[PDB]
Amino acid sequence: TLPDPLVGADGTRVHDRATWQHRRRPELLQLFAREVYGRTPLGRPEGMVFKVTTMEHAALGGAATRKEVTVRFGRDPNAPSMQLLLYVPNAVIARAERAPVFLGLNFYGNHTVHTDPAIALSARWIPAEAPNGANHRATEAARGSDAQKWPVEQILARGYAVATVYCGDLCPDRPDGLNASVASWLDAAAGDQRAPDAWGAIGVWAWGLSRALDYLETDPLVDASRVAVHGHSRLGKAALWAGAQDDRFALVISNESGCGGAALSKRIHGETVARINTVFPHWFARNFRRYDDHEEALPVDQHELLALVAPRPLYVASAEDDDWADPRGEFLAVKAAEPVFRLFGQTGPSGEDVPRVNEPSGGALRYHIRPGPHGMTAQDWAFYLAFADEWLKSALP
């Protein structure tokens, strides 16, 4: 059975938004940091540098302004960096208005999100699984290879900018990637083994998303107060943790994030804690390994991570055949987080069990399940865009 988000660690019943925001949220944040994702050792580093390396006002046949930006995490040119790609809808810019933004990481490099031949090929290590990679280096045959997950033209046509960063800029997704990571640089522990409570890939990815947001604040073309942070699967685990830690994010989307994302760990279904740490030992804190086949001992579950987004709108979604992500456990996490959203006057899914396919349910706390296998599809995006329209525009200038 689940720990109650609205009962403090000392048994105090949380009945008001101030106690939630100033006592219970820090408690839960610290528990997830120590026991699941590992500690984020700092937020914004001193000396971040933003360098716009390319800027095309007539990208995508004139539909967008495209910018590529090197976001460096310190002033020394020897500091680590990530490469941000930004498409801004020219229809909005031309009205002298700032665009809201969808922001999320990509799996295989910025050049894979769109065929746009002007995108810089990632110069970083790319996993063997990437489509049409050669020797773990980016090739131009990989251009647009992950475009199915990225309906850029539709997003732009609906009035949103699209921003993305390759997750491997921050931590290459391989069990040894943390030694070639942002974590490796910030790790001043001269020692070898990362500490038990030290962050892994998901914490490093989530931190990169907040650094992307830092950049968007400075970019005059976009409204960084209206950023929807989104991710698919492992990068949706990152999007949830980024959205929970960084309340500047206006809206958070978890597309089939599964185990250690939206799915309840204490529900033993599909991927389990032991399975995810065995296969992906770099993703979480070593402390999370304490809960291998010991989920009953977890002091939190993922409904409390969802609750860390409240009262900002949160969308959790599943795929019908995606048993490994445990769709029912993702839905039940939403339902167990709902009392925190309700504390702030927001509403979650109507009813007690999984809604029917392609029938989203909920107010600011929303869920859908779509037909088909694990993935991120045009149907998901259709629902996300309607959600963003409601929460980043409705009664807004």
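All residue numbers refer to positions in the sequence shown, first residue = 1.
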Quiz item: Is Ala188 a gap in at least one third of the other compared entries?
Solution: yes
Practice problem: Tell me which of 233 to 241 and 121 to 129 has the higher mean C-alpha B-factor in the deposited entry. | Solution: 121 to 129
Self-check item: 46 to 54 versus 347 to 355 - greater average Cα B-factor per the deposited record
Solution: 347 to 355
Quiz item: Whose CA atom has the top B-factor in the entry, of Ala180, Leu308, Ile253, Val71?
Solution: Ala180
Quiz item: In the PDB entry, which of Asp301, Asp214, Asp323, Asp176 has its C-alpha at the highest B-factor?
Solution: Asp176
Quiz item: If you rank every modelled residue in this chain by C-alpha B factor, which third holds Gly61: lowest, middle or highest?
Solution: highest
Exercise. Can you work out whether the C-alpha temperature factor of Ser81 puts it in the lowest, middle or highest third of the chain?
Key: lowest
Exercise. Within this chain's modelled residues, let me know which third the CA B factor of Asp192 belongs to: lowest, middle or highest.
Key: highest
Self-check item: Third of chain Cα B-factors occupied by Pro281
Solution: lowest
Practice problem: Could you tell me which third, lowest, middle or highest, the C-alpha B-factor of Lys149 occupies within its chain? | Solution: middle
